[PDB]
Amino acid sequence: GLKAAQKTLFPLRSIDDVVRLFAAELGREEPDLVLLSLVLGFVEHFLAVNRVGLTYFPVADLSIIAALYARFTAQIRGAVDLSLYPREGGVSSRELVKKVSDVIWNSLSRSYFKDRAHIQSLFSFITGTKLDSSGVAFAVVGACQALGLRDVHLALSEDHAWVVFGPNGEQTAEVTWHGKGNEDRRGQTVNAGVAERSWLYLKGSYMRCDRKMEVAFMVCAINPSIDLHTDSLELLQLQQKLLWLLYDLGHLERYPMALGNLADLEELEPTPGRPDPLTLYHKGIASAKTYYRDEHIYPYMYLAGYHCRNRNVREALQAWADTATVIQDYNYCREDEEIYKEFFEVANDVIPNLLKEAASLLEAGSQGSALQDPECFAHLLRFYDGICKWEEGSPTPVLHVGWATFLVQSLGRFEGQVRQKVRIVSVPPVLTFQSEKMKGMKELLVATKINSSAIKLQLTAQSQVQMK
Ligand SMILES: Cc1c(CN2CCC(Nc3ncnc4sc(CC(F)(F)F)cc34)CC2)ccc2c1cc(C#N)n2C[C@H]1CNC(=O)CO1
């Protein structure tokens, strides 16, 4: 509007005042995405970007917020003439969606660092003419809502955002860029990406937001970071309280990564009476299994990271094995590089450092060590099996000799008598391999001294050894 009822809580003088505003908007027919994003971006700017003069909370006065809102709606309504795009049946056209995307995109500063923090909100769009990639998609949806286009909604994968719209909400349209050097397909569907079984489009099991989930997205998008080593306590608490509000209203039910975000916040500072982080990570995994065919990677990564921080080697390895069992049914495609990076870092840095400490503690007499548990060895094997199966039939390889050295080292952290106890069973502690690489590695996995050269040959499918 702003409508009179949206104005009565101002000025916002505290975190709890902001929560009351989110609660009022979430109780409305449609929560005002533009209003809420401006408020979050305002508060984040003066709690994380520029804290000069801060005495408690940056008071958000109505005159300030209303002027920003007016700037946004004047820009959108001046630039998008709806009479040029007749709406058949309350649904938007592809040309109208592309026009709004063009308006947002064409407003952005010509050159700036797209990976900077604090450029996610409409506050950054208005005051700095800067948005990150998914911020552009959110802004398109907010502009569409301001124009009355009730059918345009945010669509989210684990590393990209676009919009759905049109009859039955069945159309998709790219509205922003993805990655760096990748060239944008703004205005096109996501059907080629779904058909190629890339992780980026989740085989079609991506999130189709309603307006309440779009509120949850902007709340996840809060960035409490002040710099490398310092977070805003105020912004952490604000994001935590807003996630619990959404949780209680049922709006995180279909949002796995938001549940993992909330679990991370509870780990940092638990709220009395609320579920433990572990309960929340498992709800996030349950959400992915229930609504998204268990095709999401990050619910298991959230869990693994928690167990990693708590040096629970057994449970971290189980969660990473489960991450690999999801990825194995994808094809590794160009533009999936973010998930390749995460698996690379887990295999080649995080697991080695975890097992190195476990080895030292074993030498110091620890009991019940993961390194003496055959089920833990099986989890390590299943992790590599899913990565090898991922690679099968992909248009580009995954493994190379730079993975082989760490595999050999991690295998060797388990004594031969532990590795011997895993029974590897063929279809048609027990483990079945899906990948041909790990099936051929089976015989090598139980020798007292692991044949490092033969392991490397099998993992990289290297044909030959050195001539001389
Ligand atoms: C937990 C976590 C994170 C945190 N992320 C925060 C942002 C979350 N994203 C989103 N969240 C909510 N909504 C959306 S909507 C959307 C699409 C968009 F809209 F943006 F396009 C994205 C997105 C995804 C999770 C990173 C790496 C993690 C883990 C855990 C592990 C392990 N194990 N790892 C790998 C390790 C490897 N090595 C290391 O040293 C340390 O990390």
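Points worth noting:
- Counting DSSP beta bridges with both ends in the chain, the antiparallel % (nearest 5): 85
- Across all C-alpha atoms in the range 126-198, the radius of gyration and Dmax reach 12.6, 39 Å.
- Value of [θ]222 nm, deg cm²/dmol, for the chain, DSSP H segments ≥ 4, -39500 (n - 2.57) each, nearest 500: -15500 deg cm²/dmol
- Applying 1/(1 + (r/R0)^6) with r as the Cβ-Cβ distance of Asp16 and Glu357 and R0 = 56 angstrom yields a FRET efficiency of 0.85.
- Inter-part distance where the range 247-296 and the range 113-144 are each reduced to a Cα centre, Å: 26
- Span from the the range 389-468 Cα centroid across to the the range 335-360 one, whole angstrom: 17
- Using a cut-off of 30 Å between Cα atoms, the listed pairs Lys203/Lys356; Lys114/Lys341; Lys241/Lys289; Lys130/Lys283; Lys356/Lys421 include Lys203/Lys356; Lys130/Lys283 as exceeding that distance.
- Label point distance in nm, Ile64-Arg51, each placed 7 Å from Cα along Cα→Cβ: 1.7
- Annotation: amide H of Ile226 within the under-5 Å range of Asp231, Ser232, sequence separation 5 or more or interchain, hydrogens built in the peptide plane.
- If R0 is 35 Å, the Cβ-Cβ spacing of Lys449 and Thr396 corresponds to a FRET efficiency of close to 0.55.
- Applied to the range 262-270, the Karplus parametrisation 6.51 cos²θ - 1.76 cosθ + 1.60 on θ = phi - 60° returns per-residue 3J(HN,Hα) values of 4, 4, 4, 5, 5, 4, 5, 8, x Hz, with x for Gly and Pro.
- Charge dipole (Cα centre; +1 on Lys/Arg Cβ, -1 on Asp/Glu Cβ; no other charges) of the chain amounts to roughly 480 debye.
- Computed from backbone phi, the HN-Hα couplings of the range 76-87 come to 6, 6, x, 9, 10, 8, 5, 5, 7, 10, x, 9 Hz, rounded to whole numbers (Karplus: 6.51 cos²θ - 1.76 cosθ + 1.60, θ = phi - 60°; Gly and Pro given as x).
- In Hz, Karplus ³J(HN,Hα) per residue of the range 208-216 (6.51, -1.76, 1.60; θ = phi - 60°; x = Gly, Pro): 10, 6, 8, 5, 6, 5, 5, 5, 4
- As a length-normalised measure over Cα pairs under 8 Å and 6 or more apart, the relative contact order of the range 53-199 settles at 19 percent.
- Taken along the Cα-to-beta-carbon direction at a fixed 7 Å, the label points for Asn312 and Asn168 span 4.3 nm.
- The range 48-140: chymotrypsin sites (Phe, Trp or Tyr not before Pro) in DSSP coil with no more than 14 other Cβ atoms inside 10 Å: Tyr56, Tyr112, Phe113
- Here's the picture: charge each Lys and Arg Cβ at +1 and each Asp and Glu Cβ at -1 in the chain, and of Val398, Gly416, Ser37 the one pushed furthest to the positive end of that dipole is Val398.
- In the range 157-286, a dipole from Cβ-located charges (positive for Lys and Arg, negative for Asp and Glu) runs towards its positive end, and of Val190, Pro275, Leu235 it is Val190 whose Cα lies farthest in that direction.
- Principal semi-axes of the equivalent ellipsoid, √(5λ) from the alpha carbon gyration tensor of the chain, are 45, 26, 19 Å from largest down.
- Within the range 176-230, the GluC sites (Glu not before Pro) that combine a DSSP coil assignment with at most 13 other C-beta atoms in a 10 angstrom radius are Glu183.
- Cleavage-rule hits (GluC sites (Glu not before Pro)) in the range 1-102: DSSP loop, at most 15 neighbouring Cβ within 10 angstrom: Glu29
Every read-out reported here was derived from the displayed coordinates using simple, explicitly stated rules and does not represent laboratory data. Heads up, the Cβs are rebuilt from the backbone with ideal geometry, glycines too, and the neighbour counts pull from every protein chain shown.
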